[PDB]
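First the structure, in the form of C-alpha cells, and then the observations on it.
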2 protein chains.
Amino acid sequence: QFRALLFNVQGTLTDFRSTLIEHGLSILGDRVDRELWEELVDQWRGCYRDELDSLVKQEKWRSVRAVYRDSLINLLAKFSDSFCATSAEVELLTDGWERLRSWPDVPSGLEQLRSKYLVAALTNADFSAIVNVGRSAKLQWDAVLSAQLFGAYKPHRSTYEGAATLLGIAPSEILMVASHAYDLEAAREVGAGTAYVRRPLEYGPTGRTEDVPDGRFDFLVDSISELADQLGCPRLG
Amino acid sequence: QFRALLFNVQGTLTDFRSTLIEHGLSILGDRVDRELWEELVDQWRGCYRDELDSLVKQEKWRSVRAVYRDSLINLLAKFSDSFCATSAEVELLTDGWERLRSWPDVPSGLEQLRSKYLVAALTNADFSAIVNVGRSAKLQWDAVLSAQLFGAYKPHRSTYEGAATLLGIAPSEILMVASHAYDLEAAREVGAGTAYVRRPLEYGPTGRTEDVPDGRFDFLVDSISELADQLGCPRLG
C-alpha cells in the first residue's frame, strides 16, 4: 500500500515542552522559577502556532527560527517584571527548538519502519533546525523536507504535493504521520494515508490533547513502534 | 574547522560502472555480449556528462532521469544492428542509475565521519534517485540535497550557496568531497574546503582517471575512512 512515511516532527516525534523547559532553566538559572518558565514555554508554543496560522492564511513563509525568536522577545517583554534575558541569551534560548529530544519510542520505531518503507521528515521548521534536531532526537531519515523548500507551511497543499513529487511517489502511496489532526486532514486531501500518534504529554502532565476516535484516520497508535507493527514491519533484535 | 561534509555521490561514493554493467546484463540477458554492453555503459556516462555540460552553459535544469533515458534511447539506436530493447526495458535499464552500489569503504566511512561532522549529499541526480541510491549504496545522511532543489547543476555556484544556506553553515565550514576536480574547484570558489577521493576504477580497470597532485586540494585520499582519520574522527569498533 505505502512506499514512504512522511512525518510531522515537532511534538509528533519530539517532546519539545520538556526540552525547552530544561533548556531554559539551564540558561537562566536561579533568575526564574520552574513554574514561571513552564508558563512562558507554553505561551511560546502558542505564539508559534498563532503566527504560522496567520502566515498560512496570508500565503507567506518566513524563517521559523525568526518566528521563535520574535515570539520569545515579545514574551520576555510580557514577563519583564519577573525576569530578564540578554540579547545573547535570546539566541541561546531560541536554539532550544533545534535541540529537541525524542519520545522514547521514536528512534527504534523509525529504524523498524525502514525495513519496509522510506521515512522522511516533512517539518515546518527550517531546514537547518531539522538537521540539528536529527542529532538531538536521534532521528535517521531517508530524506529531510522543510517548509523552507516550498516557501509554504503545512497545511498548504504545495508542501505535501512537493514532498510527493520530490520523492517520486504517488500521494496514495505516502502515509502521513502526526500527533496533530490538522496535518493529517490536509495530507488526506492531497491523497495520502493518515496515521495519528497519541502524545498525551505533548503539552505537559496537566496539558490539553486532542480527542481522536478510531476510524477517523487510517491508523491510531500510541507509539511509532506500534505503527510499524501494524504495517507488518518485523521487530528489531 | 568544518561543521559539515558535502558529497559528490555518483562515482565519488558509488561504482556506477559496475552497477550499470551488471544491471544491464541482468535485464538484457543473452542478447548482448558483456564487452559490448560495457562499451554502451561507458558511452552512456559520457552522454550524461556532455548533456549536463551543455545544460550548465545554458543555465538550464531538467530531470536527470530524463537525461539518462534520452541518452540511452540515442545509444540504443546507435547499437541497433547489434541488439534491441523494448520501451519497458528502456525504463528498467534507466532504473540502474538509481540502484548504484557503493565502494566498499563508503558506508563505514560515512558512519565514522558522523561522530564529528554533519554529512550531506549534494548530487546532480534527481531527489528521488538519490533517496533510492541511499538504500542500494547503504548511505545514511543528515540531509539529502539535489540539483532539483536549486534548478541548477553543479558546478553552478547557486548549488553550493544554496546548500550552505539550507544547512545554516558558512561555506568555509563546509568540506566538499569528490572524485572530480571540477566539483571541488567550484565549491572552493564559494569558500568551501576541498577533499579529493581517488577512484582509480571509476571508469573501469582499463579506465581513465584524473591526476591530482598533493597540495591542489585540502585533502587527497583513497577512501572515506582515510578522510575521516585525517579529520580526527575516532575509529569504529
Side-chain angles (χ1 to χ4, degrees), chain A residues 127-128 149, chain B residues 2-14 16 45-64 67-68 97 100 106 110 113 117-127 129-130 133 139 141-199 202-203 209-222 224 227 230-231:
Chain A
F127 197 93
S128 62
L149 300 177
Chain B
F2 301 111
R3 292 169 182 277
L5 273 62
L6 203 51
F7 287 81
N8 185 295
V9 180
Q10 302 174 113
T12 301
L13 302 182
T14 49
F16 63 83
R45 156 73 186 180
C47 288
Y48 163 84
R49 286 303 328 165
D50 289 346
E51 173 76 349
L52 259 64
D53 286 348
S54 175
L55 293 169
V56 164
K57 174 133 197 61
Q58 301 163 244
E59 290 197 293
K60 297 214 117 178
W61 174 92
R62 72 191 189 96
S63 166
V64 158
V67 168
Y68 281 123
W97 294 97
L100 310 176
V106 170
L110 286 179
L113 286 168
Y117 304 101
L118 299 171
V119 295
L122 179 63
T123 182
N124 284 329
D126 294 345
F127 197 93
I130 175 64
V133 166
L139 313 175
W141 302 109
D142 290 285
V144 172
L145 302 168
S146 163
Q148 180 173 15
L149 300 177
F150 311 108
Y153 305 110
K154 301 183 298 179
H156 195 274
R157 74 185 298 101
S158 72
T159 63
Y160 313 100
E161 291 172 343
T165 57
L166 281 173
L167 291 170
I169 300 171
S172 60
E173 298 176 4
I174 296 174
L175 173 59
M176 194 76 204
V177 182
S179 63
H180 296 94
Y182 88 88
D183 199 356
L184 298 184
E185 293 289 0
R188 174 153 59 198
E189 292 176 24
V190 171
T194 54
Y196 189 89
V197 186
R198 291 193 208 101
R199 293 299 188 191
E202 177 168 356
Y203 300 122
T209 47
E210 275 175 324
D211 223 347
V212 173
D214 273 303
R216 180 172 179 194
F217 302 113
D218 295 319
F219 305 82
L220 177 59
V221 299
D222 295 317
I224 306 311
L227 178 59
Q230 290 182 5
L231 291 166

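Every heavy atom of this structure was used, including side-chain atoms; hydrogens, water molecules and symmetry mates were not. Letters go in sequence order (proteins before strands), and every chain restarts at 1.
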Any residue meeting side-chain hydrogen bond (donor to acceptor under 3.5 Å, both in side chains) with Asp53(B), in chain and number order, not counting sequence neighbours: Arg49(B)

Residue list, ring pair (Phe, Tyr, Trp, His ring centres under 6.0 Å) with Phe7(B), at least two apart or on another chain: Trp141(B)

By salt bridge (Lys or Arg N to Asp or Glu O under 4.0 Å) - contacts of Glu161(B) (at least two apart): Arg157(B)

From CG (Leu52(B)) to CG (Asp50(B)), nearest 0.5 Å: 10.0 Å

Closest contact, heavy atoms only, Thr14(B) versus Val9(B): OG1-O, 3.0 Å

Partner set under side-chain hydrogen bond (donor to acceptor under 3.5 Å, both in side chains) for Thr159(B), not counting sequence neighbours: none

Side-chain (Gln230(B)) to main-chain (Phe219(B)) donor-acceptor, under 3.5 angstrom: no

Distance, nearest 0.5 Å, that separates CE of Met176(B) from CZ of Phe217(B): 11.5 Å

Atom pair OH/CG of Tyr196(B) and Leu184(B) - distance to nearest 0.5 Å: 8.0 Å

Atom pair OG (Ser146(B)) and CG (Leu122(B)), whose distance is rounded to the nearest 0.5 Å: 8.5 Å

Residue pair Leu166(B), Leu149(A): steps toward the side-chain contact (heavy atoms from CB on, under 4.5 Å) verdict: CA-CA 9 Å; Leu166(B) 281 173; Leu149(A) 300 177; 3.9 Å; yes

Gap separating the OH atom of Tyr68(B) from the OH atom of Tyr48(B), nearest 0.5 angstrom: 4.5 Å

For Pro171(B), all residues meeting side-chain contact (heavy atoms from CB on, under 4.5 Å), sequence neighbours excluded: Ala164(B), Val190(B)

side-chain hydrogen bond (donor to acceptor under 3.5 Å, both in side chains) involving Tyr153(B) - partner list, sequence neighbours excluded: none

Any residue meeting ring pair (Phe, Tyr, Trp, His ring centres under 6.0 Å) with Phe127(B), in chain and number order, not counting sequence neighbours: none

Pairs satisfying salt bridge (charged side-chain N to carboxylate O under 4.0 Å, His left out), at least one member in residues 142-156 of chain B, at least two apart: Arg135(A)-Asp142(B), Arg114(B)-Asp142(B), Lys154(B)-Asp183(B)

side-chain contact (heavy atoms from CB on, under 4.5 Å) against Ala125(B), all qualifying residues, sequence neighbours excluded: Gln10(B), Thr123(B), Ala129(B)

Which residues share a ring pair (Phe, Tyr, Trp, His ring centres under 6.0 Å) with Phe150(B), sequence neighbours left out: none

Partners meeting side-chain contact (heavy atoms from CB on, under 4.5 Å) with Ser179(B) (sequence neighbours left out): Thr12(B), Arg199(B), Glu202(B)

Rounded distance [0.5 Å steps], CG in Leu118(B) versus CG in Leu175(B): 12.5 Å

Residues forming a side-chain hydrogen bond (donor to acceptor under 3.5 Å, both in side chains) with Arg62(B), sequence neighbours excluded: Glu51(B), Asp70(B)

Backbone of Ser158(B) reached by a side-chain donor or acceptor of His156(B) within 3.5 Å: yes

Option among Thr209(B), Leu220(B), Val212(B) that satisfies the side chain to side chain contact (heavy atoms under 4.5 Å, CB included) test with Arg198(B): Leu220(B)

Polar side-chain atom of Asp218(B) near backbone of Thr194(B) as donor-acceptor pair, under 3.5 Å: yes

Passing option when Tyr117(B) is tested against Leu110(B), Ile174(B), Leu5(B) for side chain to side chain contact (heavy atoms under 4.5 Å, CB included): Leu5(B)

Flag, side chain of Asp126(B) to backbone of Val64(B), donor-acceptor distance under 3.5 Å: yes

